[PDB]
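Chains as they are written, first to last, in the UniProt record's numbering: chain Z, 20 to 241; chain G, 2 to 245; chain L, 1 to 195; chain E, 4 to 234; chain R, 3 to 242; chain Y, 34 to 266; chain U, 76 to 287; chain A, 9 to 125, 133 to 250. Positions of the beta carbon are idealized from the N, C-alpha and C atoms, including for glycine.
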Amino acid sequence: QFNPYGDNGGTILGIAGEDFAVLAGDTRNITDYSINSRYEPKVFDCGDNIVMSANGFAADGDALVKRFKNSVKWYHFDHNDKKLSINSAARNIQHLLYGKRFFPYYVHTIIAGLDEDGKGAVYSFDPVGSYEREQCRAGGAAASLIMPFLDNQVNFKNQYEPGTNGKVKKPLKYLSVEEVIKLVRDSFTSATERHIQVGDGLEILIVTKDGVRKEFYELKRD
Amino acid sequence: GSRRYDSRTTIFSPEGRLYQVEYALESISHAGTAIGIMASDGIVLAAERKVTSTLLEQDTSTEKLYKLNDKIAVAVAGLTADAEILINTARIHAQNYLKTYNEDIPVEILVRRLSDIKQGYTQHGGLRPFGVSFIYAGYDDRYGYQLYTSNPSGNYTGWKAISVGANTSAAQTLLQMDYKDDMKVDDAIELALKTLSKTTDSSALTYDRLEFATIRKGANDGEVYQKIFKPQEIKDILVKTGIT
Amino acid sequence: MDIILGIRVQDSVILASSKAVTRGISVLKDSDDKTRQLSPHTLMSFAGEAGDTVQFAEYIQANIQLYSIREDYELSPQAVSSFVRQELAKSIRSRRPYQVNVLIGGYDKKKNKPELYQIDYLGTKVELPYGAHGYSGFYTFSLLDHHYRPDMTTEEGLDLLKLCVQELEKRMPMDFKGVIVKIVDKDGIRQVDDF
Amino acid sequence: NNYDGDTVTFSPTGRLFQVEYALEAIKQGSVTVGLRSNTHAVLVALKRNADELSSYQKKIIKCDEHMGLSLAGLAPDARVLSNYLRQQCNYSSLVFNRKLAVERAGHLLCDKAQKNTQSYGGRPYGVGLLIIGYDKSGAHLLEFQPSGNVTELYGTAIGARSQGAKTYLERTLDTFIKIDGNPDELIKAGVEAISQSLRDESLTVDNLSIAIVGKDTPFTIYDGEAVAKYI
Amino acid sequence: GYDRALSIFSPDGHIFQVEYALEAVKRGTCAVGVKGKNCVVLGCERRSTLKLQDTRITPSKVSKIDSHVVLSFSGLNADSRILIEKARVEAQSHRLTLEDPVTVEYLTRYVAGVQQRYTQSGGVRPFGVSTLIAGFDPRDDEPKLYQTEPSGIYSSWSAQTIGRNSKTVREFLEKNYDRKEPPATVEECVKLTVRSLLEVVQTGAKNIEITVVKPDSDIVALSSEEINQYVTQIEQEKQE
Amino acid sequence: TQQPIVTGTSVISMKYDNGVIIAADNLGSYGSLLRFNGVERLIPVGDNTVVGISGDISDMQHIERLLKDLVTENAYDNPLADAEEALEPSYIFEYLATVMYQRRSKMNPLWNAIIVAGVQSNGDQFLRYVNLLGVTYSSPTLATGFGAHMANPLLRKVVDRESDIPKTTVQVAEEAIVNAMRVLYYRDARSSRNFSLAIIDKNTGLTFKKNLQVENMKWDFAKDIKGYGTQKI
Amino acid sequence: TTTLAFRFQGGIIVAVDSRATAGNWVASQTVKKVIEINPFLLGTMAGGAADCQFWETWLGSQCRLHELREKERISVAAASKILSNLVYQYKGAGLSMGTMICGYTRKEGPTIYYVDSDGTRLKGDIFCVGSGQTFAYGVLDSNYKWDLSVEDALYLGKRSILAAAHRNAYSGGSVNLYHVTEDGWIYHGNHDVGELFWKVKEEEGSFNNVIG
Amino acid sequence: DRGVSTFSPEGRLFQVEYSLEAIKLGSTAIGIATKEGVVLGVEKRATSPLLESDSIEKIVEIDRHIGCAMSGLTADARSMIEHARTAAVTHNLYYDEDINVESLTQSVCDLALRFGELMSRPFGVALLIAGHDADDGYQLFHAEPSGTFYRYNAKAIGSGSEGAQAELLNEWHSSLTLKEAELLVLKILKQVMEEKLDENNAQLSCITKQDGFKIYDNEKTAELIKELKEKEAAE
Ligand SMILES: *[C@@](C)(CO)[C@](*)(O)[C@H](CC(C)C)NC(=O)[C@H](Cc1ccccc1)NC(=O)[C@H](CC(C)C)NC(=O)[C@H](CCc1ccccc1)NC(=O)CN1CCOCC1
Ligand SMILES: [Mg+2]
């Protein structure tokens, strides 16, 4: 019987800073035990300082991104070139996803950018449109490897102040763009080591008030 | 386009009248007179056939009086073909009600639905109205014996005695004169025929130019019987009242 | 939804319906009224699939109330039961049928007689002296076959009904949290508050 | 006279009066000018107001990053046609990953307007459009009429007193066509062209409306203080 | 389907079909609504050119939409049945979804919306009917009286009349009805309603219908003798 | 819901410094039966694109007709149909990719794996894959079916990343493709010896080679192999 | 999920956890399971996250359209029935929703309606919904009285979620508290189970099964 | 007869032009936009003294940040308001934000020309749509049955429109306060109204960023009417 879904592997990662946000993703594309491409980008600039990635089944992922990009275009036409805020984009994406509630897009979606106060924002979606704003989110094949590391290093979970008898927690603070990129790179090298669907290359999109910058790093190709 | 040829059947006049309904009533006024008279122990339906020919088969003919179910009948005035369309609809409606509730349809409910269909043709669809006026004669266990009339407007009213078709003005005056509330069926039979005999445009009223029916409780114990009169039975009742 | 009982006596119809609403391993409610008044002298109890039961009951209620306003007249219990049966008879061959079983207890004012109708989700109608839906019948029918008499009073009918509930409380696996009892007679519908 | 009741009727001389009456609605509309060089295409539009308390009716609409138009006549009809163009441009991008040719854009509008002139019940569009764009074959300017006729031009003008600007562009043809790699000078030529259609009124800051598209310039509209440079 | 635009604008800005529908209302028998301090009374004319009528079965002029709301009308009788049916269905639908009976304003707004829809829908003519809708909102003791008309506009009235010679009875009500002090009792409200109809009717025999609506679904129609007592009382006081 | 009947096996391809090469054998299999031997599975569109198709042949023929009709439609009211407004490889691919995904979304797929090889108007190499699921990806080397498992490893030894493309000549690239076709003939049970090869170069244009054969095969060592273990004779 | 809401002398207490799971994978510890429909209406979420989140925000839109059309705030009964009639249309399609519509109006007073995806709509004083409902019931029922103070009622709701958060593996993260009065709903903070458990253990002397 | 969507020889739609005549017969409605808010006022015009004037609803809320006043065949406005309210709430559902006043107006005006041989005729009512959003601030729009909408600093529609508009031309300036605008609506309404202006036959409303759209009570308007009369007598 024909199976309309597939698994294209890969993993993605979004971290939000004080005045910036990053959305990273590996560039490997796979089916079963074969590599389709070592460089197939799945993190996209969608305009209005919104970056997006829909990881999982790449056909659904591309369809969704394509439809959201188009949604941004028509938002400008219908509302006098008004900038689509990250919160409005998130709600719009929920309706795109939930529109196919009974034949879902098989993807984990993450978007990143700046909120209306200029602060870093990351939103994450399940396949059928449930969404939530977070400081931190990993998605895709190696999400189960990366996410607990992010809880520990970004949100300082299970870390207490030394000598306080486990009574005072390690205080929350925003990370610099330099420190965040260190965590992203270490997260992806660790995921590459222990997950077969993750590797080849790492592409990071950084979002500030100035615009959308890109950075690329090599990953192990085995 | 086609706009050019549209008569606009469902519009108001400047005076607030429905052209087509008024002209349909004008048509009905030339139809053979039909009279309904409600008595305390039954209902009489009497109708004059339209200028009969001697070679017309009289016994196996039905022009004026139709049966809707075992408890309800109608007298027609106007286009017979239009009436039969409505009669088959009414017959079906009665059976739908019986099928749904396991009870014979109350008279007014049947009349209202049939009148609502007529109303529809005056308000929407762009079609001509039905050129028909009915006299409904029927019985149910709520109101007992009932007479109604409906006309092309879809408006219906209840009556003790009523006429439709030709010479209703003259016919209604005669009915209003001799009718009374404690009347019996046999007396109502006589009143119906006497009224037709005077209002008729014919030279003399005869059996072959009439249709007659009664709805009595004359059956055995607490049940209603419909009697559509045969030619010979009309001939006898016409002699018995001293018209011929 | 589980236990609904009906007993027609000399001058009234008595309906008893369980108060429990259970979902999974939790009794969510113990005071649920599994009935709707269709007209001043007609009452319908119901049991079956969750959601369907109430949706169907209220749909029927609305239709009967609409009829009452239109004709300024109360439909007979026989007429209402035939209407309900037809709806269920349509439903069973629909895309998604109503999985609802009902008892219709009514007092015919024209005949001056109480009437009890049992209708299942298939549209299977029967007039009975006493009725039940679900597993309840497997105990109550034989019990009523023995103790029921046609000329009983409303009070005798309530004692007869207590005998049914006691037996069900003894031998039924599930805790149905007692019953709400309602009486339908010439004076309309009223609820017995202490049972 | 007897042949102007609907669009489906020909006159004895072979005319379509409802189409001609729709054409008349454009003549009553405010003037708008179109012109192009080899590198850029420019729309200039005189906006109209109801009174001093009202805003000035927006004449120019964006269709894609590389295409847009100006309107003259019934504005709601321009909204319908521009929306159709937006969808067609968008269909070409999503399905073929291809920017819609300005010539196809004109063919599509022609065919959409035509269907409204041959069927009973409907009516012709009551608006004229000047479409500009930059595609794979360079800069373009089109003139749309609701009869269905679309015409590619170096420069043109539609609306009331459009003959003045149209005569000017016919004289200036050889000059403005060679304004390559210079946006501001091409606009100046367009602003001077529309000035030939002015009577009693002059070009003010909230009156003038300019749009431009070209080689390294997306379709962008200039209003308010952004057009003060050209007065 | 029949699509023709029957209701359309004329050069002077009028929709003649809607205005001609008002003429049909003007032809119809007079109907009056008067609301007191704790009640509303709906009075209705019945023309006396129709003898040999059966008043048991003849459709009543005042119709119950729900147990707490009533509707009377002037104009085409056949048209009124369609509005009444739709209103009755909407009343039950409201109870089903909102778990609460309709307010008089809501029911009026619905009926008025239906009338309006028929003024700009293709293939249909407007209703030749104006209605008086009266009753009491659930768990409320403030009387409500609304009027609707073919165009679709509706509004609330302390007292109002519609139908033939309605301008005469409206003239009567305008000077006799006090806003500061409405009819304090049921008797006062009925009497004022009967008085107003006696300016137009002819005879106070079987020509006047009166229906009284009170709070908490308390509606009752008066009989001939009950109404005749008001007629007898008013005429004796008049001779002065 | 389909099942493929008459099928075509691997399509293989790669980029080189000035253009792209694509190849596919001429077999139309019917299960294990090697039914049809004159099947062309490379279909040129214009003078700048070649679409290689594997999988169901009836669906391949449907796609041929669509591409043929696309060229016709593009010529309509288009004076620059053989110049600036000619069909690009990117236009042809996106069209097919749209169709493939629409068909999978209706649960009635075109049971194919497709590789669109060509050269854009600006000289850039175009090579991209699409299949019955609507999944799309691009790489310096692309292959379908067994080609993905056996050809890609060999072709990636020549062009392992983007920077190796300018260093790879058409002679070296074609040699690798022809070698890969031989390896597939050794090891793929639904392959044939006869195949077609197409080169799209930005300078020399489209070169379509028909009736090629796998040659220079090693079979001589087979004579020494006796038994399955112990057997000496 | 574990959610609850109960009616008492001083109005309504509403309490929910914040965990979200995908099988045994803990996907989030900071989910908002209470939807603020309007200043007098709350909605709780249990089951399919998207189903609950999408349709309850849709419910808020429908409640807003009601007060625009009727110039009056929607009743809790009418609000809950909009949702129950909606999910009933989808019956058999596979929606997974366990919700409670809690609020106050003049005509109704404080009211709670249980509404789930198979069409069940129930009015009541106490409900617990979700996979951890039984654990919440155990603590809530055994300590519930109508005459609880606002302070004690808030704590019992919090303590009941904590109980379920502890025993049920698919519940946890943090407790969100709400109190609904005649003047509307009042938020009573986010309480992380990480600190709350030990604070409750020490102060209350409960949770003796755990190694202190 | 003739087609519904027919053009006149001058190039105008007959039905649209005829609907404009119906709007001239309607009761007056005035709107004034300021930097402190937008004011909307209407003439109620009760046909009889027995009619309860508070039931005359010619000023209407679309959303918290958008209000609406009408003039002409007011029954036709109901479906326009219904559409506007749905458009406003639907956009909030899709985008988690307030909808722009202009976008709302455009959505209403898209209904206008959806008539022919869709509804059978154009709307016989004009709308003044007033609101506020973060981008373009306080705005006033005049939505006609032609499908056209103009933004206005101040605008009058209805029977006394041309007289009131000429008055608004002189009186309006960019630094008007909200209080000044309130009095200016009452002043101009009193001039063009047939019957004498009071709190029962005239209604005021406004929309501010802070408090949103609010219809004024008859007690509040009565004080503004009294304040207005005193200020005119004071010089
Ligand atoms: C307690 C925790 C018990 O569940 C509560 O009931 C909460 C309720 C809150 C969140 C509203 N419920 C859940 O957490 C709920 C449980 C559940 C799961 C699946 C079906 C029904 C109920 N969780 C979810 O809905 C999660 C939320 C995500 C993780 C944020 N979603 C999923 O599991 C999704 C979507 C499920 C789905 C439903 C209907 C159609 C299609 C899909 N599925 C995935 O994310 C799949 N998967 C995750 C891991 O990576 C591979 C892809
Ligand atoms: Mg790896």
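- Taking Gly-185/Z as the centre and dropping the five residues before and after it, the same chain places the C-beta of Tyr-179 closer than 8 Å to its C-beta, in chain order.
- According to DSSP, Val-192/L shares a beta bridge with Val-181/L.
- In the three-state reduction of the DSSP assignment, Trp-160/G falls in the strand class.
- When only Cα atoms are considered, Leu-221/Z and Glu-212/Z end up about 14 Å apart.
- Judged by DSSP secondary structure, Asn-227/Y falls within the beta strand (DSSP E) whose first and last residues are 227-234.
- Short of 8 Å from the beta carbon of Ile-86/G, and not among the five residues preceding or following it, lie these beta carbons of its own chain, in chain order: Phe-131.
- For the set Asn-164/Y, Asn-111/Y, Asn-107/Y, the Cα lying nearest the Cα of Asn-145/Y is the one of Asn-164/Y.
- Contact note: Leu-88/E does not reach chain Z at a C-beta cutoff of 7 Å; the least C-beta distance is about 11 Å.
- Rounded to the nearest angstrom, the gap between the Cα atoms of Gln-225/A and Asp-148/A is 11 Å.
- In the DSSP secondary-structure assignment, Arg-36/L is bridged to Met-44/L.
- With respect to chain U, the C-beta atom of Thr-99/R has a partner C-beta closer than 8 Å.
- Counting the other Cβ atoms within 10 Å of the Cβ of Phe-195/L gives fewer than 16, which makes it exposed.
- Between the beta-carbon of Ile-59/R and that of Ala-89/R there is about 22 Å, and that puts the pair past the 8 Å contact cut.
- Relative to ligand 1, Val-106/U has its C-beta within less than 7 Å of a heavy atom.
- For the options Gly-184/E, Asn-152/E, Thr-10/E, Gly-158/E, the alpha carbon positioned closest to that of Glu-195/E is the one of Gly-158/E.
- Using beta-carbon distances, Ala-238/U does not count as an interface residue toward chain R, since no partner is under 8 Å.
- Cβ proximity to chain R below 7 Å picks out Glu-16, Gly-17 from the region 16-49 of chain G.
- Within its own chain, the residues whose Cβ lies closer than 8 Å to the Cβ of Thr-150/G, once the five positions on either side in sequence are excluded, are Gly-37, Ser-134, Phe-135, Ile-136, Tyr-137, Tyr-157, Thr-158, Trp-160, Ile-163, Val-165, listed in chain order.
- According to the DSSP assignment, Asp-105/G belongs to no beta strand (DSSP E), since it is labelled neither H nor E.
- Note that the C-beta distance between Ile-244/G and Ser-198/G is below 8 Å.
- Runs of the alpha helix (DSSP H) lying entirely within the region 205-283 of chain U and spanning at least 4 residues, in chain order: 208-218, 225-242, 268-279.
- Cβ contact annotation for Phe-81/U (same chain, cutoff 6 Å, sequence separation greater than five): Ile-88, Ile-201, in chain order.
- Between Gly-44/Z and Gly-29/Z, the gap from beta carbon to beta carbon is short of 8 Å.
- In the same chain as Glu-186/A, and ignoring 5 residues on each side of it, the C-beta atoms closer than 7 Å to its own belong to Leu-199, in chain order.
- Between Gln-86/L and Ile-93/G, the alpha-carbon positions lie close to 17 Å from each other.
- Contact annotation: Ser-18/L and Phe-138/L have beta-carbon atoms that are not nearer than 8 Å.
- Taken in chain order, the complete beta strand (DSSP E) segments of 3 residues or longer contained in the region 2-46 of chain G are 35-40.
- When C-beta distances to chain U are compared with 7 Å, the residues of the region 62-78 of chain A below that value are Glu-69, in chain order.
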